[PDB]
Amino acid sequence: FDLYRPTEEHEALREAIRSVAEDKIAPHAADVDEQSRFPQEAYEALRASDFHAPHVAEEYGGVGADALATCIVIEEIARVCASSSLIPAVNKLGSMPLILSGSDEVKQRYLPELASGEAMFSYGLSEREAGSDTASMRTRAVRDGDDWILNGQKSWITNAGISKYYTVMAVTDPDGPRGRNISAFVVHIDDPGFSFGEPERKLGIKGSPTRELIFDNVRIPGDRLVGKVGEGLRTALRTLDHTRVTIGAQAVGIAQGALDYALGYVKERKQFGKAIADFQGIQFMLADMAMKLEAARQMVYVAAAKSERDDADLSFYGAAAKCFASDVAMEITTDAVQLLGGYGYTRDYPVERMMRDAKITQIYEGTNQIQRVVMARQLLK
């Protein structure tokens, strides 16, 4: 009766990413946060075990992992290092427009370099004046012969400066219809007129570089176009339907690491002559953390299976999975700090970092407010 569980192959994958995460990523997580530096040790360990971008098709040299397998990878990394989990999460985000909409030529150019780990991808959608409202974006792409000229800026770009390739959405007709006047382009780190802003100083995922992209008359070839002129925002929304699920998986892993840590601690710490775990108020808090986490996990996996099949109700299930898991991770990490007492408030234990990291999952890949808008729309239509 093989219902409502991952395959044996999924559980073998879980065990393999967990070994890489616990051995090679976990020891660097505190230093990555504390120095706000790219998790380079994690990148090398993930590249060596083909966990840096596992979703890429076997035809491009990739692992060809299904959406659920890719979720389990992001979850198991996020359990020890949220910054590291963004390597496969943002590699999928930046590549998904090519995978969903790109010509065979565009895919053949870029996906093999992702698969081999020679390049990371970033995704440039958000702006200073258009964050949630991406249809109002002002970055523009203008034909000049066979070339495109890009002018404007993207805000908040994960892995900027480390990524070699940038999937960028820009307005291709300022007079075209709202939502259907945008196109997607692959931009290279050394394209002319392309600079980075100063790294953002963040609450959490501090090792993950977060930087503005500045486009000053960036001239790129005509073959950088991903999909059809004007269909870029449709491609971006379709991308979001898959990638929101992976942030739900990230939220689940962060919450799981915090719960793992809190459970180990309250079994050992003694006060008033017994283990903290022996206090029934503590037992109720642990049961709440575990029940909500497990509900969030199963909902992420249901949305992941929907992502793999492209189920017609993926928008609802993905928006629900991402909003629920991030809300639950925020609550669980706030309680994991609580359960360690004073120790929990110090950077000598990892639970305060896990709480600071959990907060991003409620904001990026669609704010939980936008997620509630999307859910209500899917219910009422």
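Start at 1 and count along the sequence shown; that's the residue number.
**Q** Using only the Cα atoms and their B-factors as the entry lists them, report which of 217-225 and 200-208 averages higher.
**A** On average, C-alpha B-factors are higher across 217-225.
**Q** Please compare 244-252 with 266-274 and name the stretch with the higher mean C-alpha B-factor in the deposited structure.
**A** Looking at the recorded C-alpha B-factors, 266-274 comes out higher on average.
**Q** Looking at 90, 77, 141, 259, which has the highest Cα B-factor in the entry?
**A** Answer for 90, 77, 141, 259: 141, with the highest C-alpha B-factor.
**Q** Based on what the PDB entry reports, which of 287, 236, 73, 300 has the top C-alpha B-factor?
**A** Highest CA B-factor of the listed options: 236.
**Q** When the deposited Cα B-factors of this chain's modelled residues are ordered and cut into thirds, is residue 347 in the lowest, the middle or the highest one?
**A** Highest third.
**Q** Could you look up the Cα B-factor of residue 49 in the entry and say which third of the chain it sits in: lowest, middle or highest?
**A** It falls in the top third of the chain.
**Q** Please rank the C-alpha B-factors of the chain's modelled residues and tell me whether residue 86 sits in the lowest, middle or highest third.
**A** Lowest third - that is where residue 86 ends up once the chain's C-alpha B-factors are sorted.
**Q** Would you mind ranking residue 375 by its C-alpha B-factor against the rest of the chain and naming the third, lowest, middle or highest?
**A** Lowest third, going by the recorded CA B-factors of the chain.
**Q** By the recorded C-alpha temperature factor, relative to the other modelled residues in its chain, which third is residue 358 in?
**A** Tercile = lowest for this residue's CA B-factor.
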